[PDB]
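**Student:** Just dropping this structure here.
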Amino acid sequence: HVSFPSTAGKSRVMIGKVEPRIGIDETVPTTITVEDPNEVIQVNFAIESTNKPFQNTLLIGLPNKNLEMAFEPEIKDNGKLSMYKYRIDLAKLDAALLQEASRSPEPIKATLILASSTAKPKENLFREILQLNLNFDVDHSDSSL
Amino acid sequence: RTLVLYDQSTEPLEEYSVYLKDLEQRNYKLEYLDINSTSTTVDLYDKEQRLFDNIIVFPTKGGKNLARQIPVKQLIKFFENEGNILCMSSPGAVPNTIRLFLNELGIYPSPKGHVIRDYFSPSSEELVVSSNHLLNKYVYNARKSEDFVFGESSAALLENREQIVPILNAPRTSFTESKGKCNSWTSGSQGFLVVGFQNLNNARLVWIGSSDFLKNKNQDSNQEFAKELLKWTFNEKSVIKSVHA
Amino acid sequence: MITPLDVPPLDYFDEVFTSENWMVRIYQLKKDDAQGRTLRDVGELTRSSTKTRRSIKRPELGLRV
Ligand SMILES: *[C@@H]1O[C@H](CO)[C@@H](O)[C@H](O)[C@H]1NC(C)=O
């Protein structure tokens, strides 16, 4: 049952410009990237191919700063294709992640991992889907981060 | 000086001889206690004077033998008086006395049955971790790329205190796999393998989340890191003195 | 009337002096914990009678910087 991925990125303000801007390590990559203009749920679609998705996790953070969050999906099995949905709340994000992103110009990035123990090497998926460029100037001046 | 505590049931003392010998090689008065078949209890203090400078708790399964020799309150009283500690909690050998002492110091190690699994492994047999995950030059700065053999291991969730000194990171892909249906204890690079602590009194603790890191089998892969780690733990590597302000 | 349960414990200050007729009372600020934990937690540790911990449950602590 192959998988269809949707990253429903619920927002709070001027979200950003999700985009696979630069060529990266393309190990079993996403077949295509797409977006939609809806306001409440600006869902992003991408029908990538896993080999076995025992590990199915979306990391929305800054890899270099080691600040990342792990978002599990929601699986709906029609019986022919399985639909994965990861819902991200911009409001409910770690205070340190918001502060670090705002203080220094860089894009929050989302990496997808689909893998299994029984999978052959190089058949697992670890690739960066998008790089949100946040714009809302709403950050607290002082916090314990 | 140094006090070594070990259980002959879980792991014999010999498997960790090399590094102990190196300690002997640098004038370390090691005193060895076994907790498997001993009834007498070591007294860390004699009339408000600590009888040891350091302590090493080799891998032991949780029991009432540990809760009798080093109860949590005695560990915290030793640590406040500048004693240095070196813990080790493998999955399947996580004492409740260590786990609780370290939950008081901010470090939340994973409990038994939670084993870290990485699928993008160099060698599938055991969890090898590269040297790019080192997070502190002062504790140890790798001049060249090294792959540390960690065996089966656990992870630690860290609070945001000024005292916690993270030293090594789990692989970014890696996650904990509980036998039960509980969610993963740590999810990604927020689970730490090696961890350190330094009091406001400058006393130092270090937690290693594997039992195979310090074994003789992995000596070649993990000798430089291990020796610098032990030198740091015992206030022998990066101590600073302010003079004549 | 003041009863022994009307007065909660002081976890941040020590009594060092109390005059003869209890008219002047002098307390001293206690130095913060070496392990960097709130003094209320040290208190609730030194008071709570020893008993088995409720369970091992993943702490909700946030993101390490
Ligand atoms: C101590 O020794 C063994 C470890 O070799 C341990 O399994 C046992 O419970 C203890 N007692 C005896 C008599 O071996």
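Here, A, B, ... name the chains of the structure tokens in the order displayed, residue numbers run from 1 inside each chain, and ligands are numbered from 1 in the same displayed order.
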Using only C-alpha atoms and all ligand atoms, which residues have at least one atom no more than 9 Å from ligand 1? Output them as a compact mmCIF listing (two decimals) with C-alpha atoms, in the first residue's frame.
**Tutor:**
# COMPACT_ATOMS: atom_id res chain seq x y z
CA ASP B 7 27.73 -6.42 40.21
CA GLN B 8 29.20 -9.74 39.10
CA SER B 9 25.73 -10.81 37.97
CA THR B 10 25.26 -8.31 35.14
CA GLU B 11 28.80 -7.50 33.99
CA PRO B 12 32.10 -8.80 35.41
CA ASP B 34 31.01 -5.95 44.70
CA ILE B 35 27.27 -5.75 45.36
CA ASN B 36 26.24 -9.25 44.32
CA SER B 37 27.45 -11.30 47.30
CA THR B 38 28.34 -8.67 49.91
**Student:** Counting only C-alpha atoms, which residues of chain B come no farther than 12 Å from chain C, as a PyMOL selection string?
**Tutor:** chain B and resi 71-73+76-77+79-82+96-97+99-112+114+135+156-166+169+182-192+197-205
**Student:** Residues at most 7 Å from residue A:69, counting only C-alpha atoms, excluding those fewer than 5 positions away in the same chain, as number ranges by chain?
**Tutor:** A: 59-61
**Student:** Return as an MDAnalysis selection string the full set of residues in chain A whose backbone-based DSSP assignment is strand (DSSP E).
**Tutor:** chainID A and resid 2:8 43:45 55:61 70:71 75:77 81:87 108:115 125:132
**Student:** Please, which residues of stretch 3-47 of chain C, numbered as in this document, come out helix (DSSP H, G or I) from DSSP, as a list in words?
**Tutor:**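 The residues of stretch 3-47 of chain C classed as helix (DSSP H, G or I) are residues 39, 40, 41, 42, 43, 44, 45, 46 and 47 of chain C.
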**Student:** Create the file for the chosen residues now, containing C-alpha atoms and written as a PDB file, in the first residue's frame.
**Tutor:**
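Written out: result05.pdb:
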ATOM      1  CA  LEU C  39      14.302  25.160  46.830  1.00  0.00           C
ATOM      2  CA  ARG C  40      10.635  24.172  46.996  1.00  0.00           C
ATOM      3  CA  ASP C  41      11.592  20.913  45.295  1.00  0.00           C
ATOM      4  CA  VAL C  42      14.394  20.293  47.792  1.00  0.00           C
ATOM      5  CA  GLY C  43      11.820  20.888  50.513  1.00  0.00           C
ATOM      6  CA  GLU C  44       9.095  18.667  49.084  1.00  0.00           C
ATOM      7  CA  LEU C  45      11.818  16.037  48.826  1.00  0.00           C
ATOM      8  CA  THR C  46      13.027  16.350  52.408  1.00  0.00           C
ATOM      9  CA  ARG C  47       9.428  16.259  53.692  1.00  0.00           C
TER      10      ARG C  47
END
**Student:** Using only C-alpha atoms, determine which residues lie at most 9 Å from residue A:12, disregarding the query and same-chain residues fewer than 5 positions distant; provide the list as a list in words.
**Tutor:**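 So the residues in contact are residues 89, 90, 91 and 136 of chain A.
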**Student:** Residues of the last selection are to be written out with N, CA, C and O atoms, as an mmCIF file, in the first residue's frame.
**Tutor:**
data_model
loop_
_atom_site.group_PDB
_atom_site.id
_atom_site.type_symbol
_atom_site.label_atom_id
_atom_site.label_comp_id
_atom_site.auth_asym_id
_atom_site.auth_seq_id
_atom_site.Cartn_x
_atom_site.Cartn_y
_atom_site.Cartn_z
ATOM 1 N N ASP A 89 1.007 23.132 13.825
ATOM 2 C CA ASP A 89 0.487 24.386 14.361
ATOM 3 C C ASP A 89 1.624 25.376 14.588
ATOM 4 O O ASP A 89 2.433 25.198 15.503
ATOM 5 N N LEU A 90 1.681 26.424 13.760
ATOM 6 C CA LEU A 90 2.694 27.460 13.947
ATOM 7 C C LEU A 90 2.627 28.079 15.335
ATOM 8 O O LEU A 90 3.657 28.491 15.877
ATOM 9 N N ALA A 91 1.433 28.187 15.914
ATOM 10 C CA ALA A 91 1.326 28.807 17.229
ATOM 11 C C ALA A 91 1.961 27.924 18.293
ATOM 12 O O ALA A 91 2.739 28.400 19.127
ATOM 13 N N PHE A 136 6.467 36.690 10.614
ATOM 14 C CA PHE A 136 5.795 37.392 11.699
ATOM 15 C C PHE A 136 6.807 37.880 12.725
ATOM 16 O O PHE A 136 7.551 37.083 13.303
#
**Student:** Using only C-alpha atoms, pick whichever of A:121, A:65, A:23, A:52 has the shortest atom-to-atom distance to chain C.
**Tutor:** A:65
**Student:** Could you jot down the atom CA of residue A:29 to atom CA of residue A:6 separation for me, Å, one decimal place?
**Tutor:** 14.9 Å
**Student:** Set out as JSON lines a contact list for chain A and chain C with a cut-off of 10 Å, giving each residue of chain A that qualifies its closest atom pair and distance in Å to one decimal, counting only C-alpha atoms, ordered by chain and rising residue number.
**Tutor:**
{"residue": "A:65", "atom": "CA", "partner": "C:65", "partner_atom": "CA", "distance": 8.1}
{"residue": "A:66", "atom": "CA", "partner": "C:65", "partner_atom": "CA", "distance": 7.7}
{"residue": "A:67", "atom": "CA", "partner": "C:65", "partner_atom": "CA", "distance": 6.6}
{"residue": "A:68", "atom": "CA", "partner": "C:63", "partner_atom": "CA", "distance": 8.1}
{"residue": "A:69", "atom": "CA", "partner": "C:63", "partner_atom": "CA", "distance": 8.1}
{"residue": "A:93", "atom": "CA", "partner": "C:62", "partner_atom": "CA", "distance": 9.9}
{"residue": "A:94", "atom": "CA", "partner": "C:63", "partner_atom": "CA", "distance": 6.8}
{"residue": "A:95", "atom": "CA", "partner": "C:63", "partner_atom": "CA", "distance": 8.6}
{"residue": "A:96", "atom": "CA", "partner": "C:65", "partner_atom": "CA", "distance": 7.0}
{"residue": "A:97", "atom": "CA", "partner": "C:63", "partner_atom": "CA", "distance": 8.4}
{"residue": "A:100", "atom": "CA", "partner": "C:65", "partner_atom": "CA", "distance": 9.6}
{"residue": "A:145", "atom": "CA", "partner": "C:65", "partner_atom": "CA", "distance": 7.0}
**Student:** Just to be explicit: take each residue in the selection above, keep C-alpha atoms, and write the result as a compact mmCIF listing (two decimals), in the first residue's frame.
**Tutor:**
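New file result.txt:
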# COMPACT_ATOMS: atom_id res chain seq x y z
CA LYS A 65 21.26 24.34 15.58
CA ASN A 66 20.13 20.83 16.67
CA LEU A 67 16.66 22.28 17.46
CA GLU A 68 14.10 19.96 15.88
CA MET A 69 10.63 18.67 16.73
CA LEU A 93 5.86 25.51 18.50
CA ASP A 94 8.77 25.53 20.91
CA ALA A 95 9.59 29.01 22.17
CA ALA A 96 13.30 28.48 21.57
CA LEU A 97 12.70 27.44 17.96
CA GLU A 100 16.15 31.29 17.16
CA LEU A 145 15.72 30.14 25.99
**Student:** Residues of chain A near chain B: apply a cut-off of 12 Å, count only C-alpha atoms, and supply the list as an NGL selection string.
**Tutor:** :A and (52-72 or 96 or 111-127 or 144-145)
**Student:** Excluding residue C:12 and any residue of its chain fewer than 2 positions from it, enumerate the residues within 7 Å of it, using only C-alpha atoms, and give them as a compact mmCIF listing (two decimals) with N, CA, C and O atoms, in the first residue's frame.
**Tutor:**
# COMPACT_ATOMS: atom_id res chain seq x y z
N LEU C 10 8.63 26.99 55.67
CA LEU C 10 9.50 27.95 54.99
C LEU C 10 10.64 27.19 54.32
O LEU C 10 11.48 26.60 55.01
N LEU C 29 18.68 34.21 54.55
CA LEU C 29 18.50 33.64 53.22
C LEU C 29 19.46 32.49 53.01
O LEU C 29 20.66 32.62 53.26
N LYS C 30 18.94 31.37 52.56
CA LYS C 30 19.76 30.19 52.35
C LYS C 30 20.25 30.16 50.91
O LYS C 30 19.53 30.56 49.99
N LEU C 39 14.21 25.58 45.44
CA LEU C 39 14.30 25.16 46.83
C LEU C 39 13.00 24.54 47.32
O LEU C 39 13.02 23.75 48.27
**Student:** Could you work out how far atom CA of residue B:86 lies from atom CA of residue B:5, giving the answer in Å with one decimal?
**Tutor:** 10.6 Å
**Student:** Let me make sure I understand: among A:98, A:43, A:32, A:81, which one has the smallest atom-to-atom distance to residue A:129 if we use only C-alpha atoms?
**Tutor:**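 Residue with the minimum atom-to-atom distance to residue A:129: A:32.
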